[PDB]
Amino acid sequence: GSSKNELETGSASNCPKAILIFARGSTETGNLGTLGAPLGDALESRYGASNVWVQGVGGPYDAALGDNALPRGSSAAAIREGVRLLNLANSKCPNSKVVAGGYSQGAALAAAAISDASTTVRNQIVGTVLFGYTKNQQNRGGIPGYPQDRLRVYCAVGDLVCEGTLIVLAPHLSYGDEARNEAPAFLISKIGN
Ligand code: NA
Ligand code: NA
């Protein structure tokens, strides 16, 4: 489908301006899902496709429904895969700008992976977007250890997963416009001209 693996396939001899690492929502196919794919497209339209590596969080992250109930909102193995990818970006391309994101379970995964990441890796992540953030309430609109200016949380009116519950209703499926417009505009501001 819409998956992207450019951090895995790219050459440390041609590091890009930006690397996006994005985690999909529960039951979404591929490694980007409905929001990661247009978010990556938008960054490639702004900077050129060869100047952005788009990477989804796959492998061990199976976006299983039951893993929402685990304490941080995803599996330990899925969070560790997020960390692994952030570290691969830092090992291959330490001076590339990293931007991160997630939807739904994937926003919990991203938040936990950024919390667990080294000071070096968190410093390289210039911007993060979270859509339908399942730990919005519990993490008070932030990511632990991550400066607020680098974050945007998109929590729709009536998306109760942002309100300390795991109740999934139609507003949870409303983020496509933000993934094509406000969210990439924010990441572009953090990457720079
Ligand atoms: Na690309
Ligand atoms: Na919307």
# chains A, B, ... in the order shown; residues from 1 in each chain; ligands from 1

$ residues_near_ligand --ligand "ligand 2" --cutoff "12 Å" --atoms "only C-alpha atoms and all ligand atoms" --output "VMD selection string"
chain A and resid 35 131 to 132 154 to 159 170 to 183

$ closest_atom_pairs --of "chain A" --to "ligand 1" --cutoff "9 Å" --atoms "only C-alpha atoms and all ligand atoms" --output "JSON lines"
{"residue": "A:4", "atom": "CA", "partner": "ligand 1", "partner_atom_place_in_ligand_line": "1 (Na)", "distance": 8.3}
{"residue": "A:6", "atom": "CA", "partner": "ligand 1", "partner_atom_place_in_ligand_line": "1 (Na)", "distance": 6.3}
{"residue": "A:16", "atom": "CA", "partner": "ligand 1", "partner_atom_place_in_ligand_line": "1 (Na)", "distance": 8.5}
{"residue": "A:19", "atom": "CA", "partner": "ligand 1", "partner_atom_place_in_ligand_line": "1 (Na)", "distance": 8.6}
{"residue": "A:40", "atom": "CA", "partner": "ligand 1", "partner_atom_place_in_ligand_line": "1 (Na)", "distance": 8.1}
{"residue": "A:41", "atom": "CA", "partner": "ligand 1", "partner_atom_place_in_ligand_line": "1 (Na)", "distance": 8.5}
{"residue": "A:43", "atom": "CA", "partner": "ligand 1", "partner_atom_place_in_ligand_line": "1 (Na)", "distance": 8.7}
{"residue": "A:44", "atom": "CA", "partner": "ligand 1", "partner_atom_place_in_ligand_line": "1 (Na)", "distance": 6.2}
{"residue": "A:48", "atom": "CA", "partner": "ligand 1", "partner_atom_place_in_ligand_line": "1 (Na)", "distance": 7.4}
{"residue": "A:49", "atom": "CA", "partner": "ligand 1", "partner_atom_place_in_ligand_line": "1 (Na)", "distance": 4.1}
{"residue": "A:50", "atom": "CA", "partner": "ligand 1", "partner_atom_place_in_ligand_line": "1 (Na)", "distance": 4.7}
{"residue": "A:51", "atom": "CA", "partner": "ligand 1", "partner_atom_place_in_ligand_line": "1 (Na)", "distance": 6.2}
{"residue": "A:52", "atom": "CA", "partner": "ligand 1", "partner_atom_place_in_ligand_line": "1 (Na)", "distance": 4.5}
{"residue": "A:53", "atom": "CA", "partner": "ligand 1", "partner_atom_place_in_ligand_line": "1 (Na)", "distance": 4.4}
{"residue": "A:54", "atom": "CA", "partner": "ligand 1", "partner_atom_place_in_ligand_line": "1 (Na)", "distance": 5.7}
{"residue": "A:55", "atom": "CA", "partner": "ligand 1", "partner_atom_place_in_ligand_line": "1 (Na)", "distance": 9.0}

$ closest_residue --among "A:74, A:148, A:193, A:91" --to "residue 17 of chain A" --atoms "only C-alpha atoms"
A:193

$ select_by_dssp --residues "chain A" --states "strand (DSSP E)" --output "ChimeraX atom specification"
/A:18-23,52-56,97-103,125-131,151-154

$ write_last_selection --atoms "N, CA and C atoms" --output "mmCIF file, in the first residue's frame"
data_model
loop_
_atom_site.group_PDB
_atom_site.id
_atom_site.type_symbol
_atom_site.label_atom_id
_atom_site.label_comp_id
_atom_site.auth_asym_id
_atom_site.auth_seq_id
_atom_site.Cartn_x
_atom_site.Cartn_y
_atom_site.Cartn_z
ATOM 1 N N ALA A 18 15.578 16.264 5.689
ATOM 2 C CA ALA A 18 14.644 15.815 6.763
ATOM 3 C C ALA A 18 14.348 14.332 6.683
ATOM 4 N N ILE A 19 14.112 13.757 7.825
ATOM 5 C CA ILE A 19 13.647 12.365 7.964
ATOM 6 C C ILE A 19 12.368 12.406 8.780
ATOM 7 N N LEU A 20 11.259 11.869 8.232
ATOM 8 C CA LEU A 20 9.998 11.695 8.995
ATOM 9 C C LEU A 20 9.886 10.247 9.458
ATOM 10 N N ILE A 21 9.658 10.031 10.736
ATOM 11 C CA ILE A 21 9.352 8.711 11.304
ATOM 12 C C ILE A 21 7.951 8.818 11.871
ATOM 13 N N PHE A 22 7.045 7.962 11.425
ATOM 14 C CA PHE A 22 5.606 8.070 11.745
ATOM 15 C C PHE A 22 5.036 6.709 12.092
ATOM 16 N N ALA A 23 4.268 6.677 13.171
ATOM 17 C CA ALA A 23 3.566 5.463 13.609
ATOM 18 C C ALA A 23 2.056 5.558 13.358
ATOM 19 N N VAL A 52 13.749 14.302 1.335
ATOM 20 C CA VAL A 52 13.068 13.852 2.579
ATOM 21 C C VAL A 52 13.037 12.334 2.552
ATOM 22 N N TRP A 53 13.478 11.709 3.632
ATOM 23 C CA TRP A 53 13.222 10.272 3.818
ATOM 24 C C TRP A 53 11.990 10.088 4.697
ATOM 25 N N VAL A 54 10.981 9.440 4.151
ATOM 26 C CA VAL A 54 9.760 9.081 4.909
ATOM 27 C C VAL A 54 9.862 7.628 5.381
ATOM 28 N N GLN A 55 9.684 7.410 6.663
ATOM 29 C CA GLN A 55 9.825 6.086 7.265
ATOM 30 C C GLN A 55 8.662 5.811 8.203
ATOM 31 N N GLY A 56 7.968 4.697 8.020
ATOM 32 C CA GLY A 56 6.946 4.244 8.971
ATOM 33 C C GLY A 56 7.534 3.310 9.999
ATOM 34 N N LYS A 97 17.574 16.771 9.881
ATOM 35 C CA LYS A 97 16.496 17.146 10.800
ATOM 36 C C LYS A 97 15.514 15.994 10.871
ATOM 37 N N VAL A 98 15.210 15.526 12.076
ATOM 38 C CA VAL A 98 14.188 14.488 12.228
ATOM 39 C C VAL A 98 12.875 15.151 12.616
ATOM 40 N N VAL A 99 11.789 14.694 12.004
ATOM 41 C CA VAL A 99 10.438 15.029 12.497
ATOM 42 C C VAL A 99 9.711 13.715 12.729
ATOM 43 N N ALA A 100 8.860 13.706 13.734
ATOM 44 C CA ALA A 100 8.157 12.482 14.117
ATOM 45 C C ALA A 100 6.674 12.738 14.181
ATOM 46 N N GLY A 101 5.945 11.650 14.218
ATOM 47 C CA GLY A 101 4.504 11.739 14.396
ATOM 48 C C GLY A 101 3.841 10.408 14.622
ATOM 49 N N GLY A 102 2.603 10.457 14.996
ATOM 50 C CA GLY A 102 1.824 9.264 15.095
ATOM 51 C C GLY A 102 0.366 9.608 15.104
ATOM 52 N N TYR A 103 -0.446 8.579 14.823
ATOM 53 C CA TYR A 103 -1.913 8.627 14.943
ATOM 54 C C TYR A 103 -2.386 7.570 15.911
ATOM 55 N N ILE A 125 15.174 15.667 16.976
ATOM 56 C CA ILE A 125 13.754 15.659 16.561
ATOM 57 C C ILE A 125 13.236 17.097 16.691
ATOM 58 N N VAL A 126 13.256 17.846 15.590
ATOM 59 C CA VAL A 126 12.929 19.297 15.624
ATOM 60 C C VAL A 126 11.440 19.561 15.710
ATOM 61 N N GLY A 127 10.587 18.586 15.400
ATOM 62 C CA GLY A 127 9.138 18.768 15.453
ATOM 63 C C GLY A 127 8.426 17.437 15.506
ATOM 64 N N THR A 128 7.278 17.377 16.167
ATOM 65 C CA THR A 128 6.459 16.188 16.302
ATOM 66 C C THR A 128 5.010 16.598 16.122
ATOM 67 N N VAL A 129 4.230 15.773 15.437
ATOM 68 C CA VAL A 129 2.754 15.939 15.323
ATOM 69 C C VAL A 129 2.081 14.677 15.811
ATOM 70 N N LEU A 130 1.113 14.855 16.681
ATOM 71 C CA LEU A 130 0.333 13.710 17.204
ATOM 72 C C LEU A 130 -1.127 13.923 16.857
ATOM 73 N N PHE A 131 -1.766 12.962 16.244
ATOM 74 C CA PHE A 131 -3.190 13.063 15.878
ATOM 75 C C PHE A 131 -3.942 12.036 16.701
ATOM 76 N N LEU A 151 6.061 20.648 19.471
ATOM 77 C CA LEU A 151 4.946 19.682 19.420
ATOM 78 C C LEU A 151 3.679 20.367 18.914
ATOM 79 N N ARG A 152 2.879 19.633 18.157
ATOM 80 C CA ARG A 152 1.461 19.969 17.929
ATOM 81 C C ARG A 152 0.638 18.713 18.144
ATOM 82 N N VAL A 153 -0.401 18.809 18.961
ATOM 83 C CA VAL A 153 -1.369 17.747 19.180
ATOM 84 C C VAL A 153 -2.665 18.135 18.454
ATOM 85 N N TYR A 154 -3.160 17.272 17.592
ATOM 86 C CA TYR A 154 -4.440 17.444 16.890
ATOM 87 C C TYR A 154 -5.429 16.473 17.524
#

$ closest_residue --among "A:80, A:62, A:67, A:3" --to "residue 37 of chain A" --atoms "only C-alpha atoms"
A:3

$ atom_distance --atom1 "atom CA of residue 113 of chain A" --atom2 "atom CA of residue 88 of chain A"
13.1 Å

$ residues_around --residues "residue 119 of chain A" --least-positions-apart "2" --cutoff "12 Å" --atoms "only C-alpha atoms" --output "list in words"
residues 86, 87, 90, 114, 115, 116, 117, 121, 122, 123, 124, 125, 145, 146 and 147 of chain A

$ closest_residue --among "A:42, A:161, A:110, A:92" --to "residue 10 of chain A" --atoms "only C-alpha atoms"
A:92

$ residues_around --residues "residue 66 of chain A" --least-positions-apart "6" --cutoff "10 Å" --atoms "only C-alpha atoms" --output "PyMOL selection string"
chain A and resi 26+73-75

$ write_last_selection --atoms "C-alpha atoms" --output "PDB file, in the first residue's frame"
ATOM      1  CA  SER A  26      -4.540   0.501  15.408  1.00  0.00           C
ATOM      2  CA  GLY A  73      -0.787   2.964  25.168  1.00  0.00           C
ATOM      3  CA  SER A  74       1.262   0.563  23.027  1.00  0.00           C
ATOM      4  CA  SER A  75       3.456  -2.537  23.440  1.00  0.00           C
TER       5      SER A  75
END

$ residues_around --residues "residue 60 of chain A" --least-positions-apart "5" --cutoff "8 Å" --atoms "only C-alpha atoms" --output "VMD selection string"
chain A and resid 77 to 78 81

$ write_last_selection --atoms "N, CA, C and O atoms" --output "PDB file, in the first residue's frame"
ATOM      1  N   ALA A  77       7.495  -3.639  22.861  1.00  0.00           N
ATOM      2  CA  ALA A  77       8.238  -3.978  21.632  1.00  0.00           C
ATOM      3  C   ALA A  77       7.999  -2.927  20.539  1.00  0.00           C
ATOM      4  O   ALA A  77       8.940  -2.534  19.818  1.00  0.00           O
ATOM      5  N   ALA A  78       6.796  -2.422  20.401  1.00  0.00           N
ATOM      6  CA  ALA A  78       6.495  -1.410  19.382  1.00  0.00           C
ATOM      7  C   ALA A  78       7.206  -0.099  19.718  1.00  0.00           C
ATOM      8  O   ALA A  78       7.779   0.539  18.809  1.00  0.00           O
ATOM      9  N   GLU A  81      10.776  -0.336  18.869  1.00  0.00           N
ATOM     10  CA  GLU A  81      11.020  -0.192  17.414  1.00  0.00           C
ATOM     11  C   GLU A  81      11.062   1.272  17.017  1.00  0.00           C
ATOM     12  O   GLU A  81      11.845   1.691  16.157  1.00  0.00           O
TER      13      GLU A  81
END

$ select_by_dssp --residues "segment 23-88 of chain A" --states "helix (DSSP H, G or I)" --output "PyMOL selection string"
chain A and resi 33-47+49-51+65-69+76-88

$ residues_around --residues "residue 138 of chain A" --least-positions-apart "2" --cutoff "12 Å" --atoms "only C-alpha atoms" --output "ChimeraX atom specification"
/A:71-73,108,111,133-136,140-144,161-166

$ atom_distance --atom1 "atom CA of residue 93 of chain A" --atom2 "atom CA of residue 58 of chain A"
20.1 Å

$ closest_residue --among "A:27, A:45, A:105, A:7" --to "residue 84 of chain A" --atoms "only C-alpha atoms"
A:7

$ atom_distance --atom1 "atom CA of residue 150 of chain A" --atom2 "atom CA of residue 46 of chain A"
19.2 Å

$ closest_residue --among "A:120, A:137, A:68, A:13" --to "residue 104 of chain A" --atoms "only C-alpha atoms"
A:68

$ decode --residues "segment 34-178 of chain A" --atoms "C-alpha atoms" --output "PDB file, in the first residue's frame"
ATOM      1  CA  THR A  34      -4.185   7.080   6.459  1.00  0.00           C
ATOM      2  CA  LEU A  35      -2.367  10.076   7.995  1.00  0.00           C
ATOM      3  CA  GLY A  36       1.351   9.206   7.676  1.00  0.00           C
ATOM      4  CA  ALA A  37       1.134   8.817   3.882  1.00  0.00           C
ATOM      5  CA  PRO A  38      -0.246  12.351   3.061  1.00  0.00           C
ATOM      6  CA  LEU A  39       2.009  13.882   5.791  1.00  0.00           C
ATOM      7  CA  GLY A  40       5.089  12.441   4.009  1.00  0.00           C
ATOM      8  CA  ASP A  41       3.755  13.468   0.604  1.00  0.00           C
ATOM      9  CA  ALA A  42       3.411  17.056   1.844  1.00  0.00           C
ATOM     10  CA  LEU A  43       7.055  17.181   3.056  1.00  0.00           C
ATOM     11  CA  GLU A  44       8.264  15.713  -0.293  1.00  0.00           C
ATOM     12  CA  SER A  45       6.191  18.313  -2.169  1.00  0.00           C
ATOM     13  CA  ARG A  46       7.819  21.135  -0.152  1.00  0.00           C
ATOM     14  CA  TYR A  47      11.484  20.028  -0.268  1.00  0.00           C
ATOM     15  CA  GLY A  48      11.639  17.449  -3.114  1.00  0.00           C
ATOM     16  CA  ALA A  49      11.074  13.690  -2.804  1.00  0.00           C
ATOM     17  CA  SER A  50      14.859  12.898  -2.773  1.00  0.00           C
ATOM     18  CA  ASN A  51      15.478  15.491   0.034  1.00  0.00           C
ATOM     19  CA  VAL A  52      13.068  13.852   2.579  1.00  0.00           C
ATOM     20  CA  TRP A  53      13.222  10.272   3.818  1.00  0.00           C
ATOM     21  CA  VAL A  54       9.760   9.081   4.909  1.00  0.00           C
ATOM     22  CA  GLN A  55       9.825   6.086   7.265  1.00  0.00           C
ATOM     23  CA  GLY A  56       6.946   4.244   8.971  1.00  0.00           C
ATOM     24  CA  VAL A  57       7.215   2.228  12.177  1.00  0.00           C
ATOM     25  CA  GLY A  58       6.628  -1.421  11.183  1.00  0.00           C
ATOM     26  CA  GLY A  59       8.424  -4.614  12.056  1.00  0.00           C
ATOM     27  CA  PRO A  60       7.418  -5.489  15.665  1.00  0.00           C
ATOM     28  CA  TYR A  61       4.694  -2.761  15.615  1.00  0.00           C
ATOM     29  CA  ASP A  62       1.572  -4.629  14.518  1.00  0.00           C
ATOM     30  CA  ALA A  63      -0.883  -1.852  15.586  1.00  0.00           C
ATOM     31  CA  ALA A  64      -2.875  -4.411  17.614  1.00  0.00           C
ATOM     32  CA  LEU A  65      -6.127  -3.134  19.215  1.00  0.00           C
ATOM     33  CA  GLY A  66      -5.519  -4.697  22.633  1.00  0.00           C
ATOM     34  CA  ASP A  67      -2.124  -2.953  23.041  1.00  0.00           C
ATOM     35  CA  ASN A  68      -3.988   0.370  23.652  1.00  0.00           C
ATOM     36  CA  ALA A  69      -4.733  -0.995  27.148  1.00  0.00           C
ATOM     37  CA  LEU A  70      -1.047  -1.490  27.998  1.00  0.00           C
ATOM     38  CA  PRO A  71       0.220   1.208  30.429  1.00  0.00           C
ATOM     39  CA  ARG A  72       1.818   3.695  27.897  1.00  0.00           C
ATOM     40  CA  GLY A  73      -0.787   2.964  25.168  1.00  0.00           C
ATOM     41  CA  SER A  74       1.262   0.563  23.027  1.00  0.00           C
ATOM     42  CA  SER A  75       3.456  -2.537  23.440  1.00  0.00           C
ATOM     43  CA  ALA A  76       6.973  -2.278  24.851  1.00  0.00           C
ATOM     44  CA  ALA A  77       8.238  -3.978  21.632  1.00  0.00           C
ATOM     45  CA  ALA A  78       6.495  -1.410  19.382  1.00  0.00           C
ATOM     46  CA  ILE A  79       7.921   1.501  21.431  1.00  0.00           C
ATOM     47  CA  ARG A  80      11.424  -0.070  21.230  1.00  0.00           C
ATOM     48  CA  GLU A  81      11.020  -0.192  17.414  1.00  0.00           C
ATOM     49  CA  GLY A  82      10.240   3.509  17.409  1.00  0.00           C
ATOM     50  CA  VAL A  83      13.426   4.057  19.454  1.00  0.00           C
ATOM     51  CA  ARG A  84      15.390   1.812  17.089  1.00  0.00           C
ATOM     52  CA  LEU A  85      14.323   3.928  14.075  1.00  0.00           C
ATOM     53  CA  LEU A  86      15.088   7.212  15.854  1.00  0.00           C
ATOM     54  CA  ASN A  87      18.538   5.831  16.674  1.00  0.00           C
ATOM     55  CA  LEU A  88      19.055   4.667  13.042  1.00  0.00           C
ATOM     56  CA  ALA A  89      18.328   8.233  11.883  1.00  0.00           C
ATOM     57  CA  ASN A  90      20.922   9.513  14.379  1.00  0.00           C
ATOM     58  CA  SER A  91      23.555   6.892  13.372  1.00  0.00           C
ATOM     59  CA  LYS A  92      23.067   7.246   9.599  1.00  0.00           C
ATOM     60  CA  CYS A  93      22.373  10.995   9.390  1.00  0.00           C
ATOM     61  CA  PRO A  94      23.131  12.819  12.686  1.00  0.00           C
ATOM     62  CA  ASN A  95      22.829  16.261  10.988  1.00  0.00           C
ATOM     63  CA  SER A  96      19.551  15.547   9.156  1.00  0.00           C
ATOM     64  CA  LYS A  97      16.496  17.146  10.800  1.00  0.00           C
ATOM     65  CA  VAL A  98      14.188  14.488  12.228  1.00  0.00           C
ATOM     66  CA  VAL A  99      10.438  15.029  12.497  1.00  0.00           C
ATOM     67  CA  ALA A 100       8.157  12.482  14.117  1.00  0.00           C
ATOM     68  CA  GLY A 101       4.504  11.739  14.396  1.00  0.00           C
ATOM     69  CA  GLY A 102       1.824   9.264  15.095  1.00  0.00           C
ATOM     70  CA  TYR A 103      -1.913   8.627  14.943  1.00  0.00           C
ATOM     71  CA  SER A 104      -3.950   7.090  17.704  1.00  0.00           C
ATOM     72  CA  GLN A 105      -2.053   4.114  19.167  1.00  0.00           C
ATOM     73  CA  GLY A 106       0.837   5.365  17.009  1.00  0.00           C
ATOM     74  CA  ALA A 107       0.731   8.757  18.771  1.00  0.00           C
ATOM     75  CA  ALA A 108       1.108   6.927  22.145  1.00  0.00           C
ATOM     76  CA  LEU A 109       4.001   4.895  20.570  1.00  0.00           C
ATOM     77  CA  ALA A 110       5.700   8.060  19.262  1.00  0.00           C
ATOM     78  CA  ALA A 111       5.276   9.903  22.598  1.00  0.00           C
ATOM     79  CA  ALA A 112       6.743   6.952  24.565  1.00  0.00           C
ATOM     80  CA  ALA A 113       9.658   6.433  22.056  1.00  0.00           C
ATOM     81  CA  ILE A 114      10.567  10.134  22.205  1.00  0.00           C
ATOM     82  CA  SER A 115      10.387  10.011  26.056  1.00  0.00           C
ATOM     83  CA  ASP A 116      12.729   6.971  26.061  1.00  0.00           C
ATOM     84  CA  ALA A 117      15.114   8.357  23.428  1.00  0.00           C
ATOM     85  CA  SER A 118      18.542   9.712  24.432  1.00  0.00           C
ATOM     86  CA  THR A 119      19.091  13.456  24.903  1.00  0.00           C
ATOM     87  CA  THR A 120      21.000  13.364  21.565  1.00  0.00           C
ATOM     88  CA  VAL A 121      18.097  11.781  19.687  1.00  0.00           C
ATOM     89  CA  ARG A 122      15.409  14.036  21.276  1.00  0.00           C
ATOM     90  CA  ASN A 123      17.529  17.042  20.324  1.00  0.00           C
ATOM     91  CA  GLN A 124      17.592  15.904  16.649  1.00  0.00           C
ATOM     92  CA  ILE A 125      13.754  15.659  16.561  1.00  0.00           C
ATOM     93  CA  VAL A 126      12.929  19.297  15.624  1.00  0.00           C
ATOM     94  CA  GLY A 127       9.138  18.768  15.453  1.00  0.00           C
ATOM     95  CA  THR A 128       6.459  16.188  16.302  1.00  0.00           C
ATOM     96  CA  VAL A 129       2.754  15.939  15.323  1.00  0.00           C
ATOM     97  CA  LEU A 130       0.333  13.710  17.204  1.00  0.00           C
ATOM     98  CA  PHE A 131      -3.190  13.063  15.878  1.00  0.00           C
ATOM     99  CA  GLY A 132      -5.846  11.536  18.079  1.00  0.00           C
ATOM    100  CA  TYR A 133      -3.301  11.323  20.931  1.00  0.00           C
ATOM    101  CA  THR A 134      -4.495   8.621  23.344  1.00  0.00           C
ATOM    102  CA  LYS A 135      -2.370  10.011  26.210  1.00  0.00           C
ATOM    103  CA  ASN A 136      -3.421  13.671  25.687  1.00  0.00           C
ATOM    104  CA  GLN A 137      -5.212  13.851  28.998  1.00  0.00           C
ATOM    105  CA  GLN A 138      -2.785  11.719  30.959  1.00  0.00           C
ATOM    106  CA  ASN A 139       0.364  13.539  29.603  1.00  0.00           C
ATOM    107  CA  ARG A 140      -1.332  16.958  29.816  1.00  0.00           C
ATOM    108  CA  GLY A 141      -1.026  17.738  26.093  1.00  0.00           C
ATOM    109  CA  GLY A 142       2.704  17.052  25.941  1.00  0.00           C
ATOM    110  CA  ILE A 143       5.404  14.427  25.585  1.00  0.00           C
ATOM    111  CA  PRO A 144       7.450  13.861  28.726  1.00  0.00           C
ATOM    112  CA  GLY A 145      10.946  15.427  28.368  1.00  0.00           C
ATOM    113  CA  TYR A 146      10.118  17.096  24.987  1.00  0.00           C
ATOM    114  CA  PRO A 147       9.843  20.911  24.676  1.00  0.00           C
ATOM    115  CA  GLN A 148       6.319  22.115  23.936  1.00  0.00           C
ATOM    116  CA  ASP A 149       7.419  24.445  21.080  1.00  0.00           C
ATOM    117  CA  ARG A 150       8.394  21.342  19.056  1.00  0.00           C
ATOM    118  CA  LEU A 151       4.946  19.682  19.420  1.00  0.00           C
ATOM    119  CA  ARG A 152       1.461  19.969  17.929  1.00  0.00           C
ATOM    120  CA  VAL A 153      -1.369  17.747  19.180  1.00  0.00           C
ATOM    121  CA  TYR A 154      -4.440  17.444  16.890  1.00  0.00           C
ATOM    122  CA  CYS A 155      -7.343  16.272  19.108  1.00  0.00           C
ATOM    123  CA  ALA A 156     -10.685  16.783  17.386  1.00  0.00           C
ATOM    124  CA  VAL A 157     -13.891  17.894  19.058  1.00  0.00           C
ATOM    125  CA  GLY A 158     -15.557  14.692  20.264  1.00  0.00           C
ATOM    126  CA  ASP A 159     -12.434  12.454  19.891  1.00  0.00           C
ATOM    127  CA  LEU A 160     -12.754  10.920  23.367  1.00  0.00           C
ATOM    128  CA  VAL A 161      -9.362   9.084  23.218  1.00  0.00           C
ATOM    129  CA  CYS A 162      -7.840  12.557  23.794  1.00  0.00           C
ATOM    130  CA  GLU A 163      -9.979  12.913  26.966  1.00  0.00           C
ATOM    131  CA  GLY A 164      -8.659  10.086  29.195  1.00  0.00           C
ATOM    132  CA  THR A 165     -10.796   7.281  27.699  1.00  0.00           C
ATOM    133  CA  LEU A 166     -10.336   4.682  24.918  1.00  0.00           C
ATOM    134  CA  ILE A 167     -13.721   5.436  23.285  1.00  0.00           C
ATOM    135  CA  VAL A 168     -13.344   5.567  19.492  1.00  0.00           C
ATOM    136  CA  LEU A 169     -15.979   7.625  17.666  1.00  0.00           C
ATOM    137  CA  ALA A 170     -16.306   9.255  14.226  1.00  0.00           C
ATOM    138  CA  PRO A 171     -14.250  12.430  15.183  1.00  0.00           C
ATOM    139  CA  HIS A 172     -11.261  10.048  15.610  1.00  0.00           C
ATOM    140  CA  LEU A 173     -11.377   9.572  11.784  1.00  0.00           C
ATOM    141  CA  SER A 174     -11.405  13.349  11.023  1.00  0.00           C
ATOM    142  CA  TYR A 175      -7.656  14.138  10.806  1.00  0.00           C
ATOM    143  CA  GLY A 176      -7.082  13.790   7.041  1.00  0.00           C
ATOM    144  CA  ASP A 177      -7.333  17.540   6.359  1.00  0.00           C
ATOM    145  CA  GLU A 178      -4.870  18.392   9.170  1.00  0.00           C
TER     146      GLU A 178
END
